[PDB]
Each structure stands twice: as structure tokens, then as C-alpha cells.
Amino acid sequence: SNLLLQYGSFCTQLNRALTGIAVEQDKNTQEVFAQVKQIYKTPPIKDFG
Amino acid sequence: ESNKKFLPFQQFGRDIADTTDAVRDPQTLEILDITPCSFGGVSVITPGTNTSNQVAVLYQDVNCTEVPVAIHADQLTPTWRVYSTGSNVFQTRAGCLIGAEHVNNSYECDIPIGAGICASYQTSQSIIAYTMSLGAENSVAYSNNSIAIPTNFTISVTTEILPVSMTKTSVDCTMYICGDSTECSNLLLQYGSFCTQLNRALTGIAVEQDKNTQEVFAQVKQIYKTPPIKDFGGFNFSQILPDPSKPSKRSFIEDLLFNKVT
Amino acid sequence: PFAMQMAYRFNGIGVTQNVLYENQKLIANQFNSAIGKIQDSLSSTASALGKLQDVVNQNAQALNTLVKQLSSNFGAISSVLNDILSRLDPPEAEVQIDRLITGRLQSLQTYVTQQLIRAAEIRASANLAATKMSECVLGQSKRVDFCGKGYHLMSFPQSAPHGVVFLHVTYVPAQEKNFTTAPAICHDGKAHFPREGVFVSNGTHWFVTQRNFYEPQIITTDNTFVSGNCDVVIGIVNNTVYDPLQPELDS
Amino acid sequence: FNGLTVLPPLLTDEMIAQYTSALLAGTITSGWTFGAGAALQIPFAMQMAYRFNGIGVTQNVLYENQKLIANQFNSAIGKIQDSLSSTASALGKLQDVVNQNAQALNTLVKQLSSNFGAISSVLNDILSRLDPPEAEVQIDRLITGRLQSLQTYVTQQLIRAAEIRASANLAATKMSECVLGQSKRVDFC
Ligand SMILES: *[C@@H]1O[C@H](CO)[C@@H](O[C@@H]2O[C@H](CO)[C@@H](O)[C@H](O)[C@H]2NC(C)=O)[C@H](O)[C@H]1NC(C)=O
Ligand SMILES: *[C@@H]1O[C@H](CO)[C@@H](O[C@@H]2O[C@H](CO)[C@@H](O)[C@H](O)[C@H]2NC(C)=O)[C@H](O)[C@H]1NC(C)=O
Ligand SMILES: *[C@@H]1O[C@H](CO)[C@@H](O[C@@H]2O[C@H](CO)[C@@H](O)[C@H](O)[C@H]2NC(C)=O)[C@H](O)[C@H]1NC(C)=O
Ligand SMILES: *[C@@H]1O[C@H](CO)[C@@H](O[C@@H]2O[C@H](CO)[C@@H](O)[C@H](O)[C@H]2NC(C)=O)[C@H](O)[C@H]1NC(C)=O
Ligand SMILES: *[C@@H]1O[C@H](CO)[C@@H](O)[C@H](O)[C@H]1NC(C)=O
Ligand SMILES: *[C@@H]1O[C@H](CO)[C@@H](O)[C@H](O)[C@H]1NC(C)=O
Ligand SMILES: *[C@@H]1O[C@H](CO)[C@@H](O)[C@H](O)[C@H]1NC(C)=O
Ligand SMILES: *[C@@H]1O[C@H](CO)[C@@H](O)[C@H](O)[C@H]1NC(C)=O
Ligand SMILES: *[C@@H]1O[C@H](CO)[C@@H](O)[C@H](O)[C@H]1NC(C)=O
């Protein structure tokens with residue numbers, strides 16, 4: 001680790017990049033699915049013609 | 001103790017990464033599985049410090065059977081001085097959350113925690129963690145002969161923001177690496193075109209940003225101008241049309257936008 | 001005239017234009033109030049522009065990292081080139097200097113690659129912005145929730161630092177009412193269907209109203225089109241369909 | 001367990017299933033009108049007549065054939081059932097994603113078994129065999145190599161994530177213009 005410290009921020013920007021990826025995936029699912037404000041429910045009876 | 005059946009001649013069971021994973025003990029010829037000591041990431045949940053200083057801590061993907069037996073004897077690389085464990089230690093799929101009070105109530109996400117757990121600063125103010133609510137439940141009064149028709153309307157002006165360009169940077173590779181050093185530059189010359197293709201890539205980026213703005217905005221051939229009189233049927237557009245009084249002909253909302261990003 | 005433009009774009013979302021003209025003052029006031037609300041929403045909420053702000057920060061941040069990478073030894077005796085130049089002869093200073101170049105080159109390549117990827121993302125965003133200006137400002141788009149939430153009416157662009165802001169004026173229906181509906185109506189054995197709109201009932205009489213704004217009109221042969229006969233439609237209801245010609249051809 | 005963690009997704013599969021149930025129930029009971037304002041109930045038959053009128057077919061076509069469309073829809077859903085439940089490759093596009101990520105991780109881990117020129121790929125081996133002045137060089141070669149491998153991994157992840165983001169933006173577009181409404185864009189839905 002002390003040897004690694006000589007490379008400066010080479011090792012923290014990787015963590016930052018991967019964190020960016022992960023939060024982006026949460027954003028992806030949010031965008032794709034959470035497009036409805038209210039949680040609807042179908043009525044008990046399935047009389048859809 | 002493990003069940004990896006070493007045959008009498010084998011000594012060091014090996015793992016994919018070529019780290020030893022089991023060992024036959026030299027004195028009693030018995031096998032031992034070697035599991036790395038429990039470790040994980042430590043994330044800190046904080047409402048913005050400009051609001052409060054009290055925080056919570058998430059030990060990621062760690063059963064907190066280990067977390068107390070580690071801290072109360074000071075087995076940590078964190079090595080806190082002011083650390084406190086409550087009775088509010090809580091367990092989630094994302095790990096063990098310490099310092100946030102589990103709440104039965106469910107609100108919208110404020111600080112994501114994962115596995116449907118979301119944390120927030122809420123009331124005596126305190127940090128709470130809950131299972132985020134997906135939105136208000138609403139059953140639709142559906143029937144096979146019933147239709148709901150609106151009798152009114154609303155002209156809603158939403159706003160939506162898109163990046164278009166980004167600062168056209170440019171790195172002078174040879175000066176960056178070899179600042180004003182003929183010796184270092186000569187050493188760099190042995191790497192060939194490693195240093196010119198970087199300049200080419202960044203130049204490509206910059207000209208592309210000019211292309212971006214061109215495409216987004218220059219979609220009109222002629223520069224139109226609104227007439228002097230604002231007789232648009234009662235609609236008020238002064239808020240978005242350019243104002244004559246300001247040095248760059250930017251409307252009021254454009255001014256607020258240019259005042260925020262800086 | 002802008003009023004007629006608005007009637008155009010009302011007709012473009014299934015609302016007959018008479019709705020606009022008879023409410024013109026009311027839409028005008030709602031539009032003006034909505035613009036004022038946008039004013040205040042900006043002028044108060046700082047995070048409203050996050051998407052642009054983030055971009056700036058990211059680039060700035062990267063540059064900072066790049067610069068900070070000039071203060072690392074990378075294994076060399078010192079992070080300052082001139083220091084080594086002034087302390088060692090070329091045969092030995094060569095190795096230190098080489099380690100510094102190898103490291104700084106690696107850092108620079110990393111920076112350029114992150115820039116390439118971020119620029120590709122920004123290009124995706126700018127292509128989407130160009131698409132929105134084309135189909136959203138220069139015209140009226142039928143693509144749901146692509147321009148705004150609600151039925152699209154129009155959109156106004158505004159500049160912003162390294163980005164664009166659209167004000168999406170959209171129509172959102174407000175105060176709904178239940179009615180008993182019916183797919184068709186048996187008048188004389190025939191089954192009249194809506195020409196445009198639905199059949200509704202306030203409990204006693206049957207009206208035909210347009211899709212999106214309850215305006216009930218007496219049912220007339222000019223409102224409906226005949227097809228088939230009674231016995232095939234599921235849910236058809238009896239009623240009488242007024243025909244305009246008979247009062248003239250009776251007087 | 002080399003520091004290679006997999007954080008859980010924010011929305012559990014349960015919450016996502018709740019979301020899709022919401023979108024389904026809205027689409028059925030209300031139509032496209034829940035994507036604009038508040039959901040407005042409407043008989044599903046009349047919804048289908050709406051969406052027939054939306055493709056140039058006068059709605060009387062629906063009402064007079066209602067049983068026949070109903071049967072074709074039900075049979076089509078059954079066919080989708082069987083097409084899934086038999087053909088394994090039907091989900092390739094998702095499966096591929098998983099494999100790719102998994103594969104990359106494996107490669108990353110395997111890269112810990114390479115000398116990169118060092119005397120050995122095991123750090124503690126060198127730590128237990130050489131004094132610092134000489135172990136420093138071996139260790140440095142290992143760091144240089146492992147760092148290069150890690151940077152390669154992160155860059156491939158960045159590019160793959162950009163591709164996935166493109167796909168998710170297209171998926172959001174399809175849910176907006178394709179579920180929440182009826183799209184006139186040919187062969188897009
Ligand atoms: C349609 O909605 C608008 C507002 O959404 C109504 O206009 C308001 O009417 C009330 C009277 O109860 C006034 O106090 C408000 O000042 C009006 N608002 C505006 C902006 O003018 C309108 O009455 C509704 N029309 C119907 C038929 O319900
Ligand atoms: C359009 O709206 C603007 C405000 O956005 C109006 O300007 C205001 O005019 C009143 C007088 O009627 C002044 O008291 C305000 O100070 C003005 N505000 C600003 C920001 O200048 C403008 O008069 C409106 N015009 C029409 C035709 O409606
Ligand atoms: C349903 O609407 C119809 C027409 O709007 C109503 O019929 C009229 O009702 C008024 C009183 O509300 C009478 O003065 C008229 O003579 C009626 N017209 C006809 C042609 O009969 C009817 O009352 C409404 N019913 C309900 C329950 O709202
Ligand atoms: C609509 O009116 C017709 C006739 O005006 C009704 O048809 C009658 O149906 C009953 C039940 O089968 C028969 O016994 C009668 O002979 C039919 N009359 C005629 C003239 O054929 C029909 O039922 C009415 N619809 C509703 C929903 O009441
Ligand atoms: C942040 O705290 C400061 C006090 O230092 C206060 O001036 C400011 O209003 C706070 N910001 C918010 C958003 O509350
Ligand atoms: C944590 O350990 C307890 C037993 O000490 C066990 O019951 C529990 O399931 C564990 N949690 C997880 C997430 O495995
Ligand atoms: C939530 O309510 C249940 C009773 O339904 C109770 O047993 C539980 O302790 C509550 N949770 C918290 C965190 O108080
Ligand atoms: C329509 O009727 C249902 C019946 O329960 C009711 O819940 C709903 O509020 C009604 N709609 C309106 C707009 O009043
Ligand atoms: C609606 O359902 C009821 C049963 O609740 C049934 O009596 C009626 O015939 C149905 N009508 C239509 C149009 O589906």
C-alpha cells in the first residue's frame with residue numbers, strides 16, 4: 001500500500017468511476033420503470049370484454 | 001475444519017486467484033480451510049452538513065454480528081475515537097446500518113441505501129431508515145360501463161434541461177509531461193506517437209462540441225424577430241423573449257439560468 | 001395569429017378548437033401563471049439545473065485530478081523534473097525521468113479516455129436535444145411523455161451554460177366525472193357508433209362527447225355512423241338518434 | 001473476496017414487479033390517459049376501439065368482431081407462454097449482459113495469478129522472501145501490472161455501461177410511447 005501511495009490518485013478515481021456506474025444503473029431502472037406517479041391496482045373482477 | 005479431501009500427497013489447496021485456500025497442517029496431517037477475515041466497505045450516510053452533523057454508518061454486505069465484536073475491542077482499520085453503537089443497529093440486505101432508527105412508516109427515497117431501503121433526516125431530529133414507498137396506492141374505479149371524462153384542463157409549463165456541450169479542453173501533451181525540459185522531451189521521443197494521438201483525440205472532442213451546439217441550435221436558416229407589439233391573444237411572452245435593456249439580448253429566464261450554473 | 005396557432009395545436013391533440021376560443025382568456029391566464037411559476041421555481045431551487053452543473057463539475061474535477069497527478073513520485077526520487085535535472089547526471093537521471101514519463105503518460109491517457117467516454121455521453125445528450133428541438137419546438141409531437149408530461153401543446157427553447165432548457169407547454173386534463181358509457185346505440189335496428197367521441201349518459205339522457213373534454217351534444221346522424229345491426233355488438237344500448245332532416249321535411 | 005463486491009440494486013425485484021403491475025393496471029383500466037393526467041377509467045372494449053381508430057380502422061370493426069379479437073389475443077398470449085417456456089435462447093440479450101459482466105470479473109480475478117515479470121504472483125511470498133530494498137522492485141512490477149489490469153477492467157466497464165445506458169434510454173422511450181400511449185412510429189414498437 002505504501003508503494004501504491006506513490007501513484008497518487010490512480011486508485012481513487014477508479015473507485016469513483018465504478019461508483020458513477022452503479023448509481024447510473026439505479027438511475028436506469030428508475031427511468032425505465034418509475035414512470036407512474038401512483039400505484040394502480042386492477043379491480044377484483046376481470047371483466048375486460 | 002473443512003472437507004476438501006486432500007489426497008495424501010497434496011498440501012496446499014489453491015483458489016482461482018492462486019491464493020492458498022486450504023492447508024494440510026504439517027504437525028497433525030489435517031486440512032484447514034482458510035477464509036479471509038471478514039471485511040467490507042464502510043459508507044457514511046449524512047444529511048448535508050450545512051443542516052446537521054449527526055450521521056449514520058452502513059457496513060456494506062457485512063452481518064453485524066462481526067461489527068460489534070470488531071469495534072468494541074478496536075479491531076478496525078477505521079480506528080475511531082468518537083464512535084458509538086446504539087440499540088438501533090439495524091440489518092438490511094445492503095449490510096448492517098448503525099445509527100439510523102428503523103421506521104415502520106414508508107416515505108419516498110431521500111438517500112438511497114439499496115435493497116429498497118432509503119434513509120432520511122426526519123423527526124427531536126434524527127436519522128431514520130425505511131422501506132421506500134413506491135407512490136400513493138390508487139385503485140381505478142374500473143367498470144364495464146363506466147368512463148371518466150374531464151370537464152376542465154390545465155396548461156402546465158414543465159421545464160426540462162439537457163447538456164449540449166462541455167468545456168473544449170486541450171492538453172499540450174509534451175509540455176504537460178516534460179515541462180520545459182529538452183532532456184525529458186528527448187526521452188519522450190522514444191515513445192513515438194503516443195503524445196500526438198492524445199492531442200488528436202482531444203481536438204476531435206472539441207470540434208465535436210462545436211458540432212453539438214451547431215446541431216442543437218442552428219436549426220433555423222433565417223434569424224426571425226418578433227414584431228414590436230406583443231398582441232399574442234393575451235399570452236405574455238415578455239418573460240422568454242429577449243429584453244432590449246440587457247447588454248446581451250438574453251431574456252429573463254435565460255438570465256436566471258446563466259446565474260445558476262456559475 | 002397566435003390564437004389560431006393555439007387552436008391548431010388543440011386540434012392536434014383531439015380537442016376540438018372551439019374549446020380554445022371559448023376559453024381563450026382562461027388558457028392565457030394559466031399560461032402566464034405557469035411561466036411565473038417557472039420563474040420562481042428556478043429563482044429559488046438551486047438544484048434545478050443539476051444536470052448542467054454536474055457536467056461542469058465533472059470536467060473541472062477531472063482537470064484537477066490531472067493536475068494533481070503532477071505531484072506524485074511514481075517511484076521516482078522526486079515529483080519535480082527540474083529537481084532531478086539538477087541533482088543527477090544523465091545516465092542516472094534517465095531512469096528517474098523515465099519513471100516520471102511513464103506515470104504521467106499513463107495519467108494523461110486515463111484522462112483522455114475518460115474524456116472520450118464523457119464526450120460520447122454528451123453527444124448522445126446533444127443528439128437528443130437536437131431531436132427535441134426538431135420535433136418539439138419546430139413542430140408538435142404525438143410521442144407520449146417525450147416532450148412533456150401530458151399532451152404536448154408547444155415548446156420554447158432557452159439557452160443555458162453548456163446546455164439547453166425547454167419550456168414544454170402541455171395540456172393536462174383536470175376535473176373528471178363518471179358517466180355511463182356504451183359502445184353503440186340501437187335506433188331502428190341499426191347500430192350507430194360515434195364518429196368522433198364516446199357516448200355518455202348523465203343518468204337519464206345519452207350524449208356524444210369528444211374524447212378529452214366533456215362537451216355533450218345531442219346525438220345526431222351527423223354525430224354517428226351506422227354499421228351492421230343491433231344483435232352483434234356487446235353492450236349496445238337503446239336510444240333515439242335525432243336526424244336533422246325530419247323537422248325541415250315536416251314543416 | 002479480493003475487494004470485489006456487488007452492491008444490491010436499489011429497487012428490489014419485488015418493487016419493480018409492483019411498478020410493472022401498476023403500469024399494467026393503468027394501461028388496462030384507463031388507457032393512455034394515465035400517462036397524461038390522472039387515470040380515467042374506461043371499459044377495455046372501448047379502449048380497444050380507441051386504438052383501432054388510432055390505426056385507420058373504423059371502430060365498428062372491433063365491436064362486431066370482439067369475440068374474435070378476444071380469442072386471438074388470448075391465443076397469442078398462450079403462444080408467448082410456450083415460446084418462452086421452451087426456447088431457452090429467447091432471453092439472449094439479457095443473458096449476454098450477465099455473462100459479459102461475469103466474464104469480465106473472472107478475467108479480473110484471474111489476473112491476480114500472473115507474474116508480470118515479478119518473481120511470483122503472490123504478494124506475501126515476496127514479502128516473506130526478500131528484504132525491502134529488493135522486494136520493492138518485484139512488488140512494484142506487481143502493482144504496475146495489477147493497476148494496468150484494473151484500469152482496463154474499469155474502461156471496459158465504462159463502455160459497456162454506456163451501451164447499457166443507451167439501451168435503458170431506449171427502453172424508457174418505449175415504455176413512454178409504447179405502453180403509456182399508442183405509437184404511430186412504424187416497426188418501432
Ligand atoms: C376550469 O378550471 C379553471 C381553473 O383550473 C376554473 O377557473 C377558476 O374558476 C374559479 C371559480 O370557482 C375562480 O375563482 C378562479 O380564479 C378561476 N381560475 C382562473 C385561472 O381563471 C374554471 O372555472 C373551470 N371551469 C369549469 C367549467 O369548471
Ligand atoms: C406581461 O408580463 C410582464 C411580467 O412578466 C408584465 O410586466 C409587468 O407589468 C406590470 C404592470 O402591468 C408591472 O407592475 C411589473 O413590474 C412588470 N413586471 C416586469 C418584470 O417588468 C407585462 O406588463 C405583461 N404584459 C402583458 C401584455 O400582459
Ligand atoms: C342530464 O342532462 C339532460 C340535458 O342536459 C337533462 O335534461 C334537462 O334537464 C333540465 C333540468 O335539469 C330540464 O329543464 C330540461 O327540460 C331537460 N332536457 C330534456 C331534453 O329533457 C337531465 O335533467 C340531466 N339529468 C341528470 C340526472 O343530471
Ligand atoms: C331495444 O328495443 C328493442 C325493441 O324496440 C328490444 O327488443 C325486444 O327484445 C325482447 C327480448 O328479447 C323481445 O321479446 C322483443 O320482441 C324485442 N322487440 C322487438 C321489436 O324485436 C330490446 O330488448 C331493447 N333493448 C334493451 C337493452 O332493452
Ligand atoms: C445552510 O446553512 C446556512 C448557515 O451556515 C444557511 O445560511 C443556509 O440557509 C442553509 N441552507 C439551506 C438550504 O438551508
Ligand atoms: C447474520 O447472522 C445470524 C446468526 O448470527 C443469521 O441468523 C443471519 O441470517 C445472518 N444474516 C445474513 C444476512 O446472513
Ligand atoms: C412495525 O409494526 C410491527 C407490528 O405490526 C411491530 O412488531 C414492529 O416492531 C414495528 N417496527 C418498528 C421498527 O417499530
Ligand atoms: C366514480 O365512481 C367511483 C365509485 O366508487 C368513485 O370512487 C369515484 O370517485 C367516481 N369518480 C369521480 C370523478 O367522482
Ligand atoms: C357489465 O357487467 C355486468 C355484470 O356486473 C353485466 O350484467 C352487464 O351485462 C355487463 N355489460 C357490459 C356492457 O359489459
field: Order of D:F73, C:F156 under a 10 Å beta carbon neighbour criterion, fewest first
entry: D:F73, C:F156
- request: Quick one: dipole size for the stretch D:1-108, taken about the Cα centre, charges +1 on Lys/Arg Cβ and -1 on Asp/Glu Cβ, in debye to the nearest 20.
  value: 220
- request: Only bridges with both residues in the stretch B:32-154 count here: give the DSSP antiparallel percent, nearest 5.
  value: 90
- prompt: For the stretch B:1-145, what does the alpha-carbon gyration tensor say about shape, rounded, prolate or oblate, given a ≥ b ≥ c as the root eigenvalues, a/c under 1.5 as rounded, and a/b over b/c as prolate?
  reply: oblate
field: Vicinal HN-Hα couplings computed from phi for the stretch B:57-63 (Karplus, 6.51 cos²θ - 1.76 cosθ + 1.60; Hz; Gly/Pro x)
entry: 10, 9, 8, 7, 6, 10, 4
query: Under 5 Å between amide H atoms, partner at least 5 residues away or on a different chain: which partners does C:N239 have, H built in plane at 1.01 Å?
result: C:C186
task: Quote the charge dipole size of chain B about the Cα centre in Debye, to the nearest 20; the model charges only the Cβ of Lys and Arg (+1) and of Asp and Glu (-1).
output: 980
message: With a cap of 10 neighbouring Cβ atoms within 10 Å, and only residues DSSP puts in a loop, list the trypsin sites (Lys or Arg not before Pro) found in the stretch B:199-262.
response: B:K221, B:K225
field: D_trans [Stokes-Einstein, Kirkwood Rh over alpha-carbon pairs] for the protein assembly as shown, 10 °C, 1.306 mPa s, µm² s⁻¹
entry: 50
task: Rounded to whole Å and ordered largest first, report the semi-axes of the equivalent ellipsoid of the stretch C:1-150 derived from its Cα gyration tensor (root of 5λ).
output: 60, 17, 9
query: With a 10 Å Cβ neighbour count serving as the proxy for reagent exposure, in which order, fewest first, do C:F74, B:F39 appear?
result: B:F39, C:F74
field: With 5 Å bins from 0: P(r) over the stretch C:204-251, alpha-carbon pairs, percent
entry: 4, 16, 21, 24, 20, 10, 4, 1
statement: For chain B (alpha-carbon point model, no solvent) the Debye-based log₁₀ I(q)/I(0) at q = 0.11, 0.13, 0.16 Å⁻¹ works out to -1.10, -1.08, -1.14
field: All Cα pairs of chain D, percent lying beyond 24 Å
entry: 63
field: Derived scalar couplings ³J(HN,Hα) [the stretch C:60-69; Karplus, 6.51 cos²θ - 1.76 cosθ + 1.60; whole Hz; x for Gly, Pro]
entry: 3, 4, 4, 4, 3, 4, 3, 4, 4, 5
field: Directionally averaged projected area (convex hull, Cα atoms, the stretch D:21-105), nm²
entry: 8.6
- line: Sequence order, the stretch C:94-111: Karplus ³J(HN,Hα) from phi using 6.51 cos²θ - 1.76 cosθ + 1.60, θ = phi - 60°, Hz rounded, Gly and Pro as x, gives 4, 5, 4, 4, 5, 5, 4, 4, 4, x, 5, 4, 4, 5, 5, 4, 4, 4
- prompt: Listed here are the pairs C:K51/C:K142; A:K27/C:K149; C:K190/D:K67; C:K132/D:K174; B:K211/D:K184; which of them are more than 22 Å apart at the Cα?
  reply: C:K51/C:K142; B:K211/D:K184
query: In chain C, how does Rg compare with the Kirkwood Rh, expressed as the Rg/Rh ratio over alpha carbon atoms?
result: 1.34
statement: The answer for B:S165, listing residues at least 5 apart or on another chain whose modeled amide H is closer than 5 Å to its amide H, is C:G163
query: So for the pair D:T87, B:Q27, with labels modelled 7 Å out along Cα→Cβ, what separation do we get in nm?
result: 6.5
message: Strictly greater than 17 Å: what percent of every Cα pair in the stretch D:94-189 meets that?
response: 65
message: Please report the projected area of chain A's Cα convex hull averaged over all directions, in nm².
response: 6.3
message: Per DSSP helix of 4 or more residues, -39500 (n - 2.57); summed, then divided by the residues of the protein assembly as shown. What does that give at 222 nm, rounded to the nearest 500?
response: -13500 deg cm²/dmol
query: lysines near B:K5 by alpha-carbon distance under 29 Å, same-chain residues fewer than 8 away left out - which ones?
result: D:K110
- line: Residues whose built amide H sits under 5 Å from the amide H of B:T92, excluding neighbours closer than 5 in sequence, are B:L97
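Virtual Cβ from ideal backbone geometry, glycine too; neighbours counted across all protein chains shown. Computed from the coordinates by the stated procedures, all read-outs in this text should not be read as laboratory data.
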